[PDB]
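Undergrad:
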RNA sequence: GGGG
DNA sequence: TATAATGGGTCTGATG
DNA sequence: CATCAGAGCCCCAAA
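Protein chains in written order, with full-length UniProt numbering: chain W, 632 to 684; chain D, 340 to 422; chain S, 54 to 229; chain X, 1 to 56, 64 to 1118.
1) Is the Cβ-Cβ distance between residue 1036 (chain X) and residue 982 (chain X) less than 8 Å?
2) Answer with buried or exposed for residue 744 (chain X), where buried requires no fewer than 16 other C-beta atoms within 10 angstroms of its C-beta.
3) Starting from residue 425 (chain X), follow the alpha helix (DSSP H) in both directions and report where the run begins and ends.
4) Quick check on residue 420 (chain D) - is its C-beta less than 8 Å from some C-beta in chain W?
5) Would you call the stretch 716 to 724 of chain X and the stretch 751 to 763 of chain X in contact, with 3 or more CB pairs under 8 Å?
6) Which term fits residue 435 (chain X), buried or exposed, when burial requires 16 or more other beta carbons within 10 angstroms of its beta carbon?
7) Step through the CB atoms of chain X and report whether any lies within less than 8 Å of the CB of residue 668 (chain W).
8) From residue 394 (chain X) to residue 543 (chain X), what does the alpha carbon distance come to, in whole angstroms?
9) Would you kindly work out how many angstroms separate the C-alpha atoms of residue 142 (chain S) and residue 582 (chain X), rounded to a whole number?
10) Can you give me the C-alpha to C-alpha distance between residue 184 (chain S) and residue 944 (chain X), rounded to a whole angstrom?
11) Expressed to the nearest angstrom, what Euclidean distance is found between the alpha-carbon atoms of residue 879 (chain X) and residue 846 (chain X)?
12) Please state the DSSP three-state secondary structure of residue 560 (chain X).
13) From the DSSP output, in three-state form, read off residue 412 (chain X) for me.
14) Quick one: residues in its chain with C-beta nearer than 7 Å to the C-beta of residue 707 (chain X), no 5 flanking neighbours on either side, listed in chain order?
15) Can you confirm whether residue 778 (chain X), when its beta carbon is compared against all beta carbons of chain D, has any partner nearer than 8 Å?
16) Which runs of the alpha helix (DSSP H) spanning at least 4 residues fall entirely within the stretch 160 to 225 of chain S, listed in chain order?
17) Examine the Cβ distances between the stretch 161 to 179 of chain X and the stretch 269 to 281 of chain X and report whether three or more of them are shorter than 8 Å.
18) Residue 68 (chain S) and residue 58 (chain S): beta carbons closer than 8 Å?
19) What does the alpha-carbon distance come out to for the pair residue 203 (chain X) and residue 196 (chain X)?
20) Can you find a C-beta in chain S that's less than 8 Å from the C-beta of residue 164 (chain X)?
21) Look at the Cβ atom of residue 383 (chain D), then the Cβ atom of residue 406 (chain D), and state whether they are nearer than 8 Å.
22) For the stretch 1043 to 1074 of chain X, enumerate the residues whose C-beta is nearer than 7 Å to any C-beta of chain D, in chain order.
23) Taking all protein chains shown into account, decide if residue 673 (chain X) is buried (16 or more other Cβ within 10 angstroms of its Cβ) or exposed.
24) Residues of the stretch 720 to 739 of chain X in Cβ contact with chain D at a cutoff of 8 Å, in chain order, please.
25) Taking C-beta pairs closer than 9 Å, name the residues in chain S that residue 692 (chain X) reaches, listed in chain order.
26) In terms of residues, what are the limits of the beta strand (DSSP E) holding residue 704 (chain X)?
27) On the three-pair Cβ rule with 8 Å, is the stretch 9 to 29 of chain X touching the stretch 451 to 461 of chain X?
28) Using a Cβ cut-off of 8 Å (strictly closer), state whether residue 72 (chain S) contacts chain X.
29) Once the 5 residues before and after residue 78 (chain X) are set aside, which same chain residues still bring their CB inside 8 Å of it?
30) Hey, how far is the Cα of residue 470 (chain X) from the Cα of residue 497 (chain X)?
31) Judging by CA-CA distance, which residue of X:530, X:876 and X:135 is the nearest neighbour of residue 405 (chain X)?
32) To the nearest angstrom, how far is the alpha carbon of residue 185 (chain X) from that of residue 66 (chain X)?
33) Measure the C-alpha to C-alpha separation of residue 263 (chain X) and residue 299 (chain X) and round it to an integer number of angstroms.
34) May I ask you to list, following chain order, the residues of the stretch 78 to 92 of chain S that have a beta carbon less than 7 Å from some beta carbon of chain X?
35) Can you tell me the Cα-Cα spacing of residue 999 (chain X) and residue 467 (chain X), whole angstroms?
36) Just the chain D side, please: which residues come within less than 7 Å of residue 675 (chain W) by C-beta, in chain order?
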């Protein structure tokens, strides 16, 4: 879809796609902040669309 | 898969965190009983022929390990999600 | 904002004796204009029950204190002999457009979230015509044309709009 | 409301039953509603009368009968069964030695039945048998390309019922014959018929170059049997010329109406072209003792006389629609029926000479299997058996009238060139010149013209009216492309004063080519402009103003219109939007006159005048093949006086009986800040508020619980290692409750399965014994919602082994199906389109306050971009908008016939009347003209749009007559500097929605041998980084990004596992190892005896197997 | 068999 | 394990 | 003049 408001170096990426595509990165960051206690629990959180905060 | 190889290599890591806090012979009766060494579960009978003990010091040797490891849980709370 | 119909589990259902489907009944309901008299009353819940060869209109809703159905002749559902309707619509005060996916308002278990067009303004237009204070020319005569549903009258809207506006100009006060 | 209709062409005969090409072909193929004695020798009957009798003991066929279907149509769709009928055949075993006759009726299996709308239900899935087009059987003369002067004769029979025979006249002056890729003097074959050198000069005689160049003396010096044994050796190196092995092979090859078959059409064609009478559909026969000829000399006589300049001799155009014919569903199926009947006859002869030559009934002598198979095969694996396109009623109607040149017996994608895909001048009136795919299939798949009908021989016919002198008759005449070529045919809109041709000069055709001729010389007139195009193309208003390349896209996208809940027929129609709903059988009408008794969302009841109370139940919310919701809503109320053929219920994409593929939105043609860029579309948030472009979609999820050598799977609710929050919407058995909102990850059906020698590995046993619990026997295998799916559960279906009337495939215990519905609103990414080829993806949804609005406060709905018009050259949408503008204020819908619709003057008249309603109310309502309307008029004046020196009223009307209006920006209140074209347009939401296409993967399933990721969204696949994408990274010199594509992110099992562990740990990815797909390459070369070696710089072998492959 |  | 049974069912370009 | 090897990419739902 056209994004006239984008800078030349930019694109619009659906947050749903970005989650799966960066999933490993997202797990490590979640553990480092505290949004979950260990990486394997964080993956359980993203598995049901409702459990996602 | 990568996720499985990941968790299987993180379960062994967070488990040999328990071979320490226990000891050397405690953290070995568990290896024979649960089959970490041979693959088969050796009863407190066969195990008696590797330390000399009979089928009731092995039980306390085992239950001292598990009960101690059970207190190392709820303080590290690592192994819960590992299902 | 929500609908429960007796012996109806989801929006894609059908009722014996009722010509309309539920998708249409919820569509007919969405056009209901409900005015509140008490200002501090946020939510209510209108009750309806009918049967036989009735052509249920918005009148048949059981009268609630401090609420008025502004369009009583609004067709709701055709019912033939044997057809029985019985529902509970939730009506909420709010702002703008909140799609059913966003609010998911459920009173009971089999409640069906409905799309909410909160805004009571149906159409707005304004005319700018040429005028004169006989001395000066090319002055403007502004004529605002507010249509509304009746829950809030065109004047109330105009005041609220001016108020939202002045309330916004105040934000330009403490700079940093 | 008022429906003004234009057009001055009086259409006599109306369109034929639009599905008859299917319905009639199959009813004629089967003849189940015809008493056996009265059956004609065609289709199923003709097959039996070709396979029988069976000559060992002589078995014979008497009659067949078709039984009633085991289950009703709905029950076949419901149970994944084939809607079919039992086929029996009364046979009698006549012992040609005693005379013993044992008779019996044998069960030959089931034949699939065609439903009322001309489709099929194969395994509970609706399917359509696409008609095939192929070269007609007959004799064809085509010029040699290597040798300009000589020609080639060809004798083509029906597909796989005879060999192609060519009669090239070699550089030598006697005529050769090329059959089965061999070649040999035709002189020898001619001797076998019994021809004597006198009958060659006597019958032929006139071309001493050829009549006498053909007669050779070494060949004539031998009897008909002496030559029959010479040629049997010239064609089978190895078989010994026996005089009962030669007459068996040649008769079967050329004279046997069982291996060779010129069709019924092939007969006529060959008779006419040569001016003879063919006794049988075959080139020769065996009568009285020897071979009597039928076709070989007529053909030779013609071919010779067309190496002179002799009259009537003319080459054939093999692309002429008089030489190509359609193979309808009946003929396509009957051909597979004749094949699965010749195999059953093979197994009959094998059982007839081993067993007990006297102890044989017909019952244990006939094994149905080879016939059940061939039939089952045509309907499940044929290229012409297609999953039905029932996106909307028009999808299926178009699918069934489609014509394909590919498939079994036709061409192949790579086997086809330019000549076959061209529009032939004879397509006119028969094959639509617009409807056809863009892309590889261009010209190979087409559509039957609207008034076109396939005849008994298989040729397409189109109607023409008879002109006699100058009077046009109501007499209609259907013609083939060969008949047509004999007449000067006038055009449909030739001026007519009553029944007389009013014009001095009329526009006609003579063999397709355009000629200006006088009314004296006119013989036939076109019946209508509708008879030249398809059904989809005939649905495009103002078609005459559109470029063909864009009219094609508008034709095809109508097939993709998703049915909407508030669907409505267009403001501008062509006058087919009713016959299409009627013939698609999606709506429901009155059988006779009467009054309506009851009306409900589920059923209608009609007290007919006959006293009989009929009850029509209504398809309510049924999932289609493409998942759109087919749904019939009632359109009459209790006690309504209904006449015959009156509408009782709208089908999907139907509004009061008119085809409703989309919505009538208020559109404004103007650039809009870039959100309009390169075909994207901008829409008002008001469309979502009134649920415009909202459609229901149903997805079906299915799960099996089967028996295993490890245990039984179980549909339980007792799933291990879970919480009650996850199981909250599951019932007692473990199936999600009807009416629950399911999202991705949610359990739909609980299922458990036992594990193997994966019986918890010690490090797991040690973990469980630590946590108190004990490893469970079974594991969670429940059916979950996939990423990006969801909705409301609307039906669950349980089928178990043991319950009455159900039996699953071997080993399967229970099968559960959960149907989930989702009400889909429009959203950014969804594709829209009009009937003219303008298509685009919604790029932006603006709140109503940003929409460009009219001066009286009315905001527009859609903002198309004018840049999409000039290059595309589809102006029909521009006229559609102008006439849509008038209809907006007059409150009218128009019927504007194709090539015979509203013309610009007429449109302007309506717009002027409409200007009174748009501006007339204003100037009495207490409002004059606006200041900014004047400013715009000042710029319109500079643009040559308005007349200088007129009042603002006269000037706004001048802009209104051009369709332009004053438009205010909603963000500023300032006017758009120029007057903008605004009006109502019919736009469809297409089946291509972002919810279907958005997909992303971190890691997932890998493929068995390559260890590369699976493909496809359904498999949770990876994207293909093909050859060209690798070239892209090479051209960038992005070496490491590419290496990661070829290892870590694909099949480097070591590196790809190590990469993931580094990213969850926060370490930079590791350096990759060897891709497993290269090891597969090395090992597959070793399998070919080739030794591949990976070496270092000292030419010492390097092991890429890490010692796992050596001993 | 559709999409680009 | 023993009547006798004996022969099947396109389209072009490069290279020998 | 015969035989063999080529004949665009990615994506979907189906099977």
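Even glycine gets a Cβ: it sits at the ideal position worked out from N, Cα and C.
TA: On the basis of the data shown:
1) no
2) exposed
3) 425 to 428
4) yes
5) yes
6) buried
7) no
8) 20 Å
9) 43 Å
10) 19 Å
11) 11 Å
12) helix
13) coil
14) 630, 824 and 826
15) yes
16) 207 to 222
17) yes
18) yes
19) 12 Å
20) no
21) no
22) 1063, 1064, 1067, 1068 and 1071
23) buried
24) 728
25) 150
26) 702 to 715
27) yes
28) yes
29) 86, 88 and 90
30) 13 Å
31) X:135
32) 38 Å
33) 13 Å
34) 80
35) 35 Å
36) 420
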